[PDB]
Amino acid sequence: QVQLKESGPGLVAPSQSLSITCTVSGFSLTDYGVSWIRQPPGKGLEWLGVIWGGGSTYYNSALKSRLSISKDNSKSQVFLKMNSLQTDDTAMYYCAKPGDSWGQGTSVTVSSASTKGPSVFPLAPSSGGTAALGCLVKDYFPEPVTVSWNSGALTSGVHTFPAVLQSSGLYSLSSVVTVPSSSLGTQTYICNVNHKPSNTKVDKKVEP
Amino acid sequence: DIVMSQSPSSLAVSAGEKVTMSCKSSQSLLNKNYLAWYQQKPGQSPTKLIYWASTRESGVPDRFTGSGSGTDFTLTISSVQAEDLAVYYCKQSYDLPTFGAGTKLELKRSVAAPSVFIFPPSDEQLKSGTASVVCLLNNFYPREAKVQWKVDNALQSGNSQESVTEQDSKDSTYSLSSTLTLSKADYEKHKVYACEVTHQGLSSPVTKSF
């Protein structure tokens, strides 16, 4: 079954150029059109463009001039190129195929600032009937992370908070999971924290 | 481009209710109406629900009803579940596709008190001369809480930030983190750390503390 996978930088400088590729499997691009949609944080969906089978490309009127969509059937790939990026262009970027399935999306932040990986500190459990624990993901930039527990295995009771801005202008969040106090001794909990844009992968033993 | 006008922008609704949301288009969509409806769950990654106005997508429930024609369209949910908590977008495809601004459908539900957990700074972090103390408010409704920190009975201000989750997809509740930030210095000088939480679903304020 069809899947689409986007890949792109995560952070880019204003006025520079953006490149995202969508790698597609489970269908052939001679047969299907792939379109691009972006979503700026807290805003709605905006349609960027599409490339048809023998594409033949159409764009979004407003952005038409800044934008090029091309593809490579052979490599099973579609490219989105955008230039003179402003901070307005900060969005989650998706590619998409009765229709119709979307990629996960790639977060793209336009800022002149540089990348910083997160520090991860454990939120350790202590002294009704259930207990919380967690990890603190402090000062990183840009979005996002992308926190999990036991490399997938744990997904219920888990909350991962939206990133908040520090006065430093860096982001931080916490990821907590609830468990029963009983399980605390015998069960072991590790949080796996990824920050694509800085190439940081961290795992943390969370002990009582 | 064709302007796509969606309404209302937001909808608060108990799980029992039937809800209906409109999407008008500055121009007509008929050649088949090229109107589509999308659903975006707390990200996620939007899924297409309905095309040509009224025909649903594969594996999509019978509760989702698309209707209307030419210029005025409707999306209906018959008995909204908690899992339907999402934002819904319409897309015209007749021209260069454009989306409406969207309708956030929030779930209403009964008042639920928060369970409150507190977390001292980790030894690892303290070796960096900073101290984050965390107070967690689990699974509550409404959104929608006062969190107050006290160090050694001394009320705090300007030294905390809060993050609220999106409403839960299965029970419609919120969770909240409050985070006190201090220097290793200010922290080590003091012994007792408390968050006091007041909330609608709480007879009197609850304080967790170490």
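Structure determination for this entry is recorded as X-ray crystallography, at 2.58 Å resolution.

Visitor: Before we move on, can you summarise the sheet that holds strand β13 (residues 130-140) of chain B with the specific residues and values?
Guide: Residues and elements named next belong to chain B. If you walk across this open sheet you meet the 4 strands as β12-β13-β17-β16, and the pairing is antiparallel. Strands with a single pairing partner mark the edges of an open sheet, and in this sheet they are β12 (115-119) and β16 (160-164). Strand-to-strand, the axes of this sheet are offset by a mean angle of 15 degrees, without reference to chain direction. Direction of pairing for β16 relative to strand β17 (residues 174-183): antiparallel, over a ladder of 5 bridges. Residue pairing across strands places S160 opposite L180, the latter belonging to β17.

Visitor: Any chance you could break down the nonpolar core for me, citing the residues and the numbers?
Guide: One finds A:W36, A:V78 and A:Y93 to be the most contacted residues of the largest nonpolar core, which totals 26 residues. Sorting the residues of this core by element identifies β3 (18-25), β4 (34-39), β5 (46-51), β7 (67-72), β8 (77-82), β9 (91-96) and β10 (106-110) of chain A as the ones contributing at least two each. Top contributing element to this core by residue count: β3(A), with 4 residues. Counting residues in each nonpolar core, the second largest holds 25 residues, with B:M4, B:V19, B:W37 and B:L49 among its members.

Visitor: Summarise the domain arrangement of chain A; cite the residues concerned and give the values.
Guide: All names here are of chain A. According to the domain assignment, chain A consists of domain 1 (1-111) and domain 2 (115-208). In this structure, domain 1 and domain 2 have C-alpha centres spaced 31 Å apart. Taking both sides of the interface into account, the surface hidden between domain 1 and domain 2 amounts to around 420 Å²; carbon and sulfur atoms contribute 70%. Among the residues of domain 1 in contact with domain 2, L11, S107 and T109 are the three that bury the most area, contributing 69% of the side total. Linking domain 1 with domain 2 are 0 salt bridges, by the criterion used here. Taken together, the residues that form the side of domain 1 that touches domain 2 break down as 2 nonpolar, 4 polar and no charged.

Visitor: Report on the sheet that holds strand β18 (residues 200-206) of chain A, specifying residues and quantitative values.
Guide: All names here are of chain A. Sheet architecture is open: 3 strands sit in the order β13-β17-β18, paired in antiparallel fashion. Two strands lie at the open edges of the sheet, namely β13 (147-149) and β18, each paired on one side alone. The average undirected angle you get between the axes of adjacent strands in this sheet is 20 degrees. The pairing of strand β17 (residues 189-195) with β18 spans 7 bridges and is antiparallel. Among the inter-strand pairings, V193 is bridged to a residue of β18, identified as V202.

Visitor: Now, about the state of the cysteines: what can you tell me, with residues and values included?
Guide: Taken as a whole and assessed by the stated rule, the structure comprises 4 disulfides over all chains. Disulfide pairing is shown between A:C22 and A:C95; the S-S distance is 2.1 Å. What sets the handedness of the A:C22 and A:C95 disulfide is the S-S torsion sign, and at about 70 degrees it is right-handed. Taken together, the positions of A:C22 in strand β3 and A:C95 in strand β9 put the pair 73 residues apart, joining distant regions of the chain. Overall, A:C22 belongs to the buried group, its relative accessible area being 0%. The disulfide partner of B:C135 is B:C195, and the S-S distance across this bridge is 2.1 Å. Taking the sign of the S-S torsion, 70 degrees for the link of B:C135 and B:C195, the bridge is right-handed. Taken as a pair, B:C135 in strand β13 and B:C195 in strand β18 (residues 193-198) lie far apart in primary sequence, 60 residues in all. Assigned by exposure class, B:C135 and B:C195 land together as buried. Described in terms of the sequence order of its bonded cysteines, the disulfide pattern of chain B is 1-2, 3-4.

Visitor: Give me the lowdown on the domain arrangement of chain B, citing residues and values where you can.
Guide: Residue and element names in this part refer to chain B. Split by domain assignment, chain B resolves into domain 1 (1-109) and domain 2 (110-210). Between the C-alpha centres of domain 1 and domain 2 there is a distance of 38 Å. Contact residues are listed per partner, giving 9 residues for domain 1 and 12 residues for domain 2. Counting the surface domain 1 buries against domain 2, the share from its top three residues, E83, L85 and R109, is 62%. For the interface between domain 1 and domain 2, the tally reads 1 salt bridge. With a shortest N-O distance of 3.8 Å, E166 and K104 are connected by a salt bridge. Run the count over domain 1 and domain 2 and you get 4 residue pairs in polar contact. Residue classes in the side of domain 1 that touches domain 2 are distributed as 4 nonpolar, no polar and 5 charged.

Each value, and the rule that gives it
Residues numbered from 1 in each chain as written, not as in the entry; some residues may be left out. Chains lettered and ligands numbered in written order. Heavy atoms only, no water. Residues with missing side-chain atoms left out of burial classes, pairs and counts. Pairing = 2+ DSSP bridges. Helix = DSSP H or I, 4+ residues; strand = E, 2+ residues; numbered from the N terminus. Axes fitted to C-alpha atoms, helices over the stretch in contact; angles between N-to-C directions. Core = buried A, V, L, I, M, F, W, Y, C linked by side-chain atoms within 4.5 Å. Buried < 20%, exposed > 50% of the residue type's maximum accessible area, 1.4 Å probe, protein only. Domains from an automatic or database assignment. Buried area = accessible area lost by both parts, 1.4 Å probe. Salt bridge = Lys/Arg side-chain N within 4 Å of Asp/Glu carboxyl O. Nonpolar A, V, L, I, M, F, W, Y, C, P; charged D, E, K, R; others polar. Disulfide = S-S within 2.5 Å. Contact = heavy atoms within 4.5 Å. Polar contact = N/O pair within 3.5 Å; in protein donor to acceptor, adjacent residues only side chain to side chain.

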